[PDB]
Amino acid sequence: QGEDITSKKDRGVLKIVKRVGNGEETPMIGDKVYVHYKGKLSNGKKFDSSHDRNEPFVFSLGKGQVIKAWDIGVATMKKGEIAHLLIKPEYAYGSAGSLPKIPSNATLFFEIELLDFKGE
């Protein structure tokens, strides 16, 4: 019951809002983005969490510093929004995968909370 937000519209990145954000603005290419996020494999039990690390996750949007899925997904989020993403291998680690923690052709699922985004 979720929204495809790929260009090719291959359902390679489905999205569902869970907590609606505030403001009309969204993060743009090159913005410095702040999030919290849980993240886990689809067919899988263990999760990775910024809450554990005790520090928010900070990256530059649109600049290929995270998986293709995140550059796409986060760019649709309003400040304070929480969203679920479900990602096909092509839009993450692909066939190669990333040992130790990402298998080959692994389908990922994330929860993200956009905290803030500022200009370069």
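From 1 onward, residues are counted along the sequence shown.
- Between 43-51 and 61-69, the higher mean Cα B-factor belongs to 43-51.
- Looking at the C-alpha B-factors along this chain, the one for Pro89 belongs to the highest third.
- Ranked against the other modelled residues of its chain, the C-alpha B-factor of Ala96 as given in the entry falls in the highest third.
- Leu14: CA B factor in the middle third of modelled residues in this chain (values from the PDB entry).
- Sort the modelled residues of the chain by CA B factor and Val20 lands in the highest third.
- The deposited CA B-factor of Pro27 belongs to the middle third of values across its chain.
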